[PDB]
Amino acid sequence: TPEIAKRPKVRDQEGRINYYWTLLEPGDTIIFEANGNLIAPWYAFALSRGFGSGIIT
Amino acid sequence: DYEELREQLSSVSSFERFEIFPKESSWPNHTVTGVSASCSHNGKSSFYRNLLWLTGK
Amino acid sequence: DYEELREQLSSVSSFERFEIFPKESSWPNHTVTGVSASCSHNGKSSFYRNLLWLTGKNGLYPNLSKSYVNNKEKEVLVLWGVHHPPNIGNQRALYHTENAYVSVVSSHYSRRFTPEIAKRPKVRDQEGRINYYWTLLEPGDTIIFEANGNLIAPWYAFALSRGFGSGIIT
Amino acid sequence: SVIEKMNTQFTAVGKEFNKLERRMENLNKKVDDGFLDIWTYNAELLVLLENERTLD
Ligand SMILES: *[C@@H]1O[C@H](CO)[C@@H](O)[C@H](O)[C@H]1NC(C)=O
Ligand SMILES: *[C@@H]1O[C@H](CO)[C@@H](O)[C@H](O)[C@H]1NC(C)=O
Ligand SMILES: *[C@@H]1O[C@H](CO)[C@@H](O)[C@H](O)[C@H]1NC(C)=O
Ligand SMILES: *[C@@H]1O[C@H](CO)[C@@H](O)[C@H](O)[C@H]1NC(C)=O
């Protein structure tokens, strides 16, 4: 649900967007519904897994 | 679960970006708008490439 | 997150207790009262030294809105409580509403709380409860603090001076 | 033998933790520091003992 509140201003915004995610298994289905405040997916992506890889800075 | 996502993506060797709901044809009664001022591109107000901020139409 | 707080305080070598909202001048339309019977001091009913259990004054609990700007070089630990009455009648009694909520926001987080009124087994003579919550506010950060009832406001929040080798033992 | 004994590190690269996950961060750190001190100890001790044994 939305949590409307005044925030300290960050990057000129007093509001916020939370980001959420899931990994959908092959053959699985996502039923996606909203009554507002939805930022819908685009360029969701298929994952090809492997190993030895990771994230470094 | 950002930290968890960083971990899930650590083992991804590749991926396929898909249009899931990419066009006005996926969203005939919703549009993409809302605050774009803080996610600008080369000085122009804009939105995230992989997400559709939907508002009513 | 008590266990997490015990860990955060394990590296604190010192701190400065601040009055954040200490007086009737910080709270002209709210007062400090409510159940004090179980937090007595030398036999007298009382309240926590670093927290202000606010109730309405003259029948009202105005939407509360306060903020603190951390204009210090140190991180500030802010503690709050949320009251969870044993009965709906005890919320009304403090002029808190049925739709009371607490909303705490800083540039890096937001959390919203609502009361969960329920009869509890009686503990230390109370059928209700108070949950305690906290955050560490970074230098230059601001907390916007709001409530529609059930708020136990901070007092003697404190600046943390960090170090190492320290911790908590029993 | 010394070369064969080490397990190529096809392991976690590193992990990030949240503000309220300090105990988890510290557990992970303890695990990394623990394993690091154990392996530094074992690596240096193996080399010192093997060097003394080799020269002997
Ligand atoms: C758009 O709205 C019309 C009118 O309510 C409806 O008939 C149509 O099916 C909607 N489009 C989609 C993709 O649901
Ligand atoms: C990208 O980073 C630069 C850093 O100088 C910042 O000024 C700009 O606002 C950022 N833009 C977006 C869309 O995040
Ligand atoms: C107390 O209430 C009065 C009347 O609504 C208001 O004018 C005043 O600003 C309030 N005090 C504070 C600190 O907000
Ligand atoms: C303090 O501890 C004593 C232990 O005998 C207990 O009887 C008393 O009620 C406690 N008081 C408070 C305020 O916690």
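Residues numbered from 1 in each chain as written, not as in the entry; some residues may be left out. Chains lettered and ligands numbered in written order. Part of a larger assembly, values for the part shown. Heavy atoms only, no water.

Per the deposited record, the coordinates in this entry were obtained by cryo-EM to a resolution of 3.09 Å.

As recorded in the PDB entry, chain C goes by Hemagglutinin HA1 chain and comes from Influenza A virus. Listed as the entry title in the PDB record is "Hemagglutinin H1 New Caledonia 1999 in complex with monoclonal antibody Fab 43_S0008".

As recorded in the PDB entry, chain A goes by the name Hemagglutinin HA1 chain, listed as coming from Influenza A virus.

## Notes on the arrangement of the chains
Out of five pairs of chains that touch, the pair holding the most contacts is chains A and B. Between chain B and chain C there is no contact, and the shortest C-alpha to C-alpha separation is 14 Å. (Contact = heavy atoms within 4.5 Å.)

## Section: the sheet that holds strand β7 (residues 109-113) of chain C
Residues and elements named next belong to chain C. Reading across from one edge, β4-β9-β6-β7 is the order of the four strands in this open sheet, with antiparallel pairing throughout. Of all strands in the sheet, those bounded by a partner on one side alone are β4 (64-69) and β7. Strand-to-strand twist of the sheet, defined as the mean angle between neighbouring strand axes without regard to direction, takes the value 10°. Examined bridge by bridge, strand β6 (residues 102-106) and strand β9 (residues 142-147) share four bridges and lie antiparallel to one another. Looking at β9, one finds that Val-105 is bridged to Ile-144. (Pairing = 2+ DSSP bridges. Helix = DSSP H or I, 4+ residues; strand = E, 2+ residues; numbered from the N terminus. Axes fitted to C-alpha atoms, helices over the stretch in contact; angles between N-to-C directions.)

## Overview of a nonpolar patch on the surface
A surface patch of nonpolar side chains, about 600 Å² in accessible area, is lined by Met6(D), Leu27(D), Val31(D), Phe35(D), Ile38(D) and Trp39(D). Topologically, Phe35(D) is positioned in helix α1 (residues 22-55). (Patch = residues over 30% accessible without salt bridge, like charges linked within 9 Å, V, L, I, M, F, W, Y side chains within 5 Å. Areas by Shrake-Rupley, 256 points an atom, 1.4 Å probe, with all protein chains shown as cover. Salt bridge = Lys/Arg side-chain N within 4 Å of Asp/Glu carboxyl O.)

## Concerning the pattern of salt bridges
Opposite charge on two side chains makes pairing possible when the charged atoms of those side chains draw close. By the definition in use, this model includes eleven salt bridges over all chains. Here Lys6(A) ties to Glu14(A) by a salt bridge, and the two come within 2.7 Å at their closest N and O atoms. One salt bridge in this structure joins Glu25(D) and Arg22(D), with 3.0 Å as the shortest N-O distance. Taken together, the positions of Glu25(D) and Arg22(D), both in helix α1 and three residues apart, correspond to about one turn of that helix. Residue classification places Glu25(D) among the partly exposed residues on the basis of a relative accessible area of 28%. Given the relative accessible area of 34%, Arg22(D) is considered partly exposed. (Buried < 20%, exposed > 50% of the residue type's maximum accessible area, 1.4 Å probe, protein only.)

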